[PDB]
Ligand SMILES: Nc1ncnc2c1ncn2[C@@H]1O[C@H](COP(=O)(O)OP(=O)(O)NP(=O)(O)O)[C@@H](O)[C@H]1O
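What follows is a single chain, given as structure tokens, in the form solved without this ligand.
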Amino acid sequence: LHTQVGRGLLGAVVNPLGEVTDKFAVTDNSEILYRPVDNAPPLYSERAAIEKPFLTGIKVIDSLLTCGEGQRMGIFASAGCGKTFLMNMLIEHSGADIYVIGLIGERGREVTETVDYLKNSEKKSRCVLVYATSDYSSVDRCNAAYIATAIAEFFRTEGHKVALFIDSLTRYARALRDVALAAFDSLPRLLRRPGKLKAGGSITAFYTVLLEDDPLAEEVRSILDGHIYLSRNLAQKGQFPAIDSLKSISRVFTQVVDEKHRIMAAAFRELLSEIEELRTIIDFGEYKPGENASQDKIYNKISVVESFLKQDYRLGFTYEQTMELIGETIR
């Protein structure tokens, strides 16, 4: 019911009991205080309006799915669609003050992969990892999500721009459903706790949701402020990040970017729609070059559009670089 918080947890690996079992980085700060893990979300008049963008360094996200400070964003994918690689890029190329990762329901080797990744990370000195392996009970797995949230909430009250990752909301939902055997709706209460405080910092949250052969993922689609969809089709095609920008949305998009940006984004999204229409025409074998000038114009832009959407996972792009690239693509 209470947990460790503080700068002394930066670089530490926290188990579902709130104890430090490993370290991926050592910090000079030893600040350790204790806060309740269950805490009420901020009432609406303490919450600020999401106005400032949360830059991620990922081109398609920063251009067409621009995240905001205090926003809650879902990552819908079917493992393995590169959900872990996408969150690695989100931690690498964003500019948050502090990163809090919560690995819920991972089987056991998976957690060691991320701790090894944090050991060689640029952001190692600003990360806190909370984990709950598949061997822990369901009670411990739900406490993992709330320990991670409470750790992020303390940094937000200190004024820090925090980024919280919950992987995954689905295995967290299984654990809550399993706990329900003891004689369902703690999920929304958690998913409200992020946000930007008028009197403090912010928590920008990323929740992963595992898809494939969910009925209630449509309601968690209804509670968040946008969702990023990783298409198994595009991953097999060889395009990473395999984000389907046409099936993704950031509901705060028009509030966090200027009009210059809105016009460029709208033009790119229709260019993508025309590209997909031409893909259906090509697969039908009814496309012959020189027959239709508009189809030839769109065809010759397929390559530059694919080049803009792709991104080396070791590379990050500033906002100016992103808008410059998408501008040349629309020309």
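Heads up: residue numbers just count along the shown sequence, starting at 1.
Missing here is the form solved in complex with this ligand; even so, the following discussion is about that form.
Shown alone here, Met89 lies within 4.5 Å of this ligand in the deposited bound form, counting heavy atoms only.
Contact annotation: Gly74 falls outside 4.5 Å of this ligand in the deposited bound form, judged by heavy atom distances. Using a 4.5 angstroms threshold between heavy atoms, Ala79 counts as touching this ligand in the deposited bound form. Heavy atoms of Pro194 never reach within 4.5 Å of this ligand in the deposited bound form, leaving it off the interface. The candidate stretches are 5-13, 319-327, 18-26, 305-313, and the one lying within 4.5 Å of this ligand in the deposited bound form by heavy atoms is 305-313. Out of the listed residues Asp140, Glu110, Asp244, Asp225, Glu110 is the one that sits within 4.5 Å of this ligand in the deposited bound form by at least one heavy atom. Only one of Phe253, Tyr229, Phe240, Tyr117 lies close to this ligand in the deposited bound form, with a heavy atom inside 4.5 Å, and it is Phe240.
Residues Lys83, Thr84, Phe85, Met89, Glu110 are the ones in 83-111 with at least one heavy atom within 4.5 Å of this ligand in the deposited bound form, listed in sequence order.
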